[PDB]
Each structure stands twice: as C-alpha cells, then as structure tokens.
Amino acid sequence: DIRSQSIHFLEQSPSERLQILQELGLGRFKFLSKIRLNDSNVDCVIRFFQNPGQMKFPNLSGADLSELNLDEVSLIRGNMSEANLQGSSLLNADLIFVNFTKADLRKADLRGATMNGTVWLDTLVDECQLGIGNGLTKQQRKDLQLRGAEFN
C-alpha cells in the first residue's frame, strides 16, 4: 500500500505527477515529474514517499536519470551515488556538495553548473562536459580531465 503509491505515481503523466507532488509538499522536487517508470526509480520514489519532507536533502541514490533534461535543477547537498545520469542535461544546475560517488555521467552535460564540494569517487565521466569547472579544485579539474571530462 506504498510500493503501490509509487508505481501509481510513476504511471502518471508529468503534469498529474506535479499535481500529486504539490498535495504532498514535495513541490520542491519537480524533477520527480520526469523520471521514467522502472525498477530503480520505484525504489528511489519509495524513499521520497515514506517520511515525506522528513528528508529534504535530495537522495537520488541509485536512481535511473539517463537522457533527462534536468537543466537548472537545484540539488544542493544531494546524494547521487550509484546513479545513472548518462546523456542527461544538467545545464546551470546547482550541484553544491552533491555526492557523485560511483555514478555514471558519461555524455552528460553540466556546462555552467555550480559544483563546489562535489565528490567524484569512482565516478564514470567519459565525455562529460563540465564547461568552466565552476567550483572544483584545480586538482579535481585535473583528475577529471584525465578521466575523460571536457572543459571550455
């Protein structure tokens, strides 16, 4: 009666989803109106439901977010570890303190995104575009370009 709440949510169109989100105070987390129905995201969504806004730091750990347009999304202090972001657009996103540990960001687009505090342990970054590197240490900027990422 809870796995069901989530499956039912993920079966809805994006604007019906936003409707549900607002009748729950999760109107912050609009990117939830976009994620696709599949095994990983039913799980990720069950976290957001049980104890709603009893978390308020975005935990998208292990979620499938590939090929999404997440431009200008704010994910401050969010956990994206073991998450799939292949091909997604994160233009001008707020990614301060985001944990990217063991995440897949190949071909993702982070141009203009603010990245102070980000952790990139084991992260797959081949062809990840990073633009300026806004907020990364100049060693971080080195390690990441060695690992496939692309700047300016």
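- Deposited coordinates in this entry are attributed by the record to X-ray crystallography, at a stated resolution of 2.27 Å.

- The protein is annotated in the PDB entry as Alr1298 protein from Nostoc sp..
- As recorded in the PDB, this entry has the title "Crystal structure of alr1298, a pentapeptide repeat protein from Nostoc Pcc 7120, determined at 2.3 Angstrom resolution".

1. So, the environment of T123
Piece 1. Summarising the element assignment, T123 is placed in the loop between α3 (39–49) and β1 (129–131).
Piece 2. Classification of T123 by relative accessible area gives buried; the value is 4%.
Piece 3. Between the C-alpha atoms of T123 and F100, which are 23 residues apart in sequence, the distance is 6.4 Å.
Piece 4. When sequence neighbours within four positions are dropped, the list of residues in contact with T123 reads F100, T101, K102, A103, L105 and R147.

2. Quick notes on the environment of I76
Piece 1. The topology assignment puts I76 in the loop between α3 and β1.
Piece 2. Along the backbone, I76 and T118 are 42 residues apart, and their C-alpha atoms lie at a distance of 9.8 Å.
Piece 3. Excluding residues that lie within four positions of it along the chain, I76 makes contacts with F57, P58, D94 and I96.

3. Digging into the side chain of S61
Piece 1. Along the polypeptide, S61 turns up in the loop between α3 and β1.
Piece 2. A distance of 3.5 Å separates a polar side-chain atom of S61 from the backbone oxygen of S81.
Piece 3. Among all residues touching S61, those that are not within four sequence positions of it are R47, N79, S81 and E82.

4. Concerning the packing of aromatic side chains
Piece 1. A complete count under the given rule lists five aromatic pairs for this structure.
Piece 2. Aromatic pair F29 and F48: ring centres 5.1 Å apart, planes at 70°, arrangement edge-to-face. Residue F29 is found in the loop between α2 (14–22) and α3, and its partner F48 is found in helix α3; the two are separated by 19 residues along the sequence.
Piece 3. Taking relative accessible area as the criterion, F29 reaches 3% and is therefore assigned buried.
Piece 4. For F48, a relative accessible area of 1% corresponds to the buried category.
Piece 5. Ring geometry for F100 and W120: centres 4.9 Å apart, planes at 45°, overall tilted. Of this pair, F100 sits in the loop between α3 and β1 while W120 is found in the loop between α3 and β1, placing the two residues 20 residues apart along the sequence. In terms of burial, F100 and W120 fall into one category: buried.

5. Considering the nonpolar core
Piece 1. Within the largest apolar cluster, 43 residues are counted, with the highest numbers of intra-cluster contacts made by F31, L65, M80, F100, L110, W120 and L130.
Piece 2. Sorting the residues of this core by element identifies α1 (3–10) and α3 as the ones contributing at least two each.
Piece 3. Looking at this core element by element, the count peaks at six residues for α3.
Piece 4. With sequence-adjacent residues up to four places away left out, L110 is seen in contact with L90, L95, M115, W120, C128, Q129 and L130.

Calculation criteria
Residues numbered from 1 in each chain as written, not as in the entry; some residues may be left out. Heavy atoms only, no water. Helix = DSSP H or I, 4+ residues; strand = E, 2+ residues; numbered from the N terminus. Buried < 20%, exposed > 50% of the residue type's maximum accessible area, 1.4 Å probe, protein only. Contact = heavy atoms within 4.5 Å. Polar contact = N/O pair within 3.5 Å; in protein donor to acceptor, adjacent residues only side chain to side chain. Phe/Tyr/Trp six-rings, centres within 6.5 Å; stacked < 30°, edge-to-face > 60°. Core = buried A, V, L, I, M, F, W, Y, C linked by side-chain atoms within 4.5 Å.

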